[PDB]
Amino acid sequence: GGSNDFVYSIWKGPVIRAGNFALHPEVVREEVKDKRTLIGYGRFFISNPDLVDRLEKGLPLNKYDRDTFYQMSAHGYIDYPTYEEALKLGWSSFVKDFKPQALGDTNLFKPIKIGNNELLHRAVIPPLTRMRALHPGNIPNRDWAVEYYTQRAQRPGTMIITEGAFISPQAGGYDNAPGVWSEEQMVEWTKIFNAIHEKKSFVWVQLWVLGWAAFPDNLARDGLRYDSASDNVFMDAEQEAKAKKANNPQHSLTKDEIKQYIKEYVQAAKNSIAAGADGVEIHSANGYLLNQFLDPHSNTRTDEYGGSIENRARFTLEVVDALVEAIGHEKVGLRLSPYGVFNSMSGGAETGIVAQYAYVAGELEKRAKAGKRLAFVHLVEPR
């Protein structure tokens, strides 16, 4: 009882759908009929570095392991084999009861242009947190990350959206998540961007700000604030306990701090493109700071950044405008999850959510008509 099709009735640019598309090619085949729709594959791009070639010819794919997702290891990260490599290792099988289809005839493999990049296929690599960044310093993995991103840039002209990169330590909270603010991170990021560029593929950076999803103890350790939209609403009992235990209560953002966050967004974007990135994506989904401001359950502010649909979307659009005026509208994308209830979001329960995100896409399209259209709009499917 939910759909993201309304965005198509409002936003007239490229739309990147993501979620539960790997094991359902009969759905993708219907969804690619729309000429401006791209498909992202999450888990099976971790499980298969050559997933694109397996989607073109209808090859069987490999099983993904749930335990190797957020674990620090080379295992289940860069050890996944190609099709031929999976054949040379014998079998005693791959996936279970599954019927693959060849989408090489569909619209998935006809070229399209997003931003300054010329995609030869419409298979997108969504942002994926692997939790393998070096701590401390939030440095991307020097031993594995380069190889990891290089393996999935196998198909020429493959759009890659990197994992959530903290625009600032203040936007941090995860010790195993890579950053973008410091030069030490920018060296490794430059190496990765080059490694992807040499394979004739493209790389996009997801700008990440945890919000209330951050770990209060990790922030109190570095003398940072545990902040959100409102200070009277919390995630859960654990996040509530960790805040008072570590003597770091949930902080309500003021104007100055918001402007600071925006400045950090701009600096993060310019630093990203200085390292050789194709563009940046604003993560306003999955119950993080921007999404926290968007969602009425998390946003109870009475000031300029809350109280209404126009006010709750002011932050996201502020970041959008800032980045557009910074690096250009062709290097800026947006990530949204209307029906996502992750990190204590409303989702389908709130009857006004569709109106909120319709307002978002509306403002976006209005800016698009003005001559400044974003490269794409990333959507997370209901599940």
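Just count from 1 along the sequence shown to find any residue number.
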| query | finding |
| --- | --- |
| Chain break class at residue 91/residue 92 - deposited residues not modelled | 1 to 3 |
| Of 157-165 and 230-238, the one with larger mean CA B-factor | 230-238 |
| Between 332-340 and 22-30 (mean CA B-factor, as deposited), the higher | 22-30 |
| Maximum C-alpha temperature factor, selected from 127, 249, 307, 173 | 249 |
| Highest recorded Cα temperature factor - choice among 203, 268, 224, 209 | 224 |
| Residue 78 by Cα B-factor - lowest, middle or highest third of the modelled chain | highest |
| Chain-wide C-alpha B factor ranking for residue 351, given as lowest, middle or highest third | lowest |
| Chain thirds of CA B-factor: placement of residue 297 | lowest |
| Chain thirds of CA B-factor: placement of residue 43 | middle |
| Cα B factor band for residue 289 (lowest, middle or highest third within the chain) | lowest |
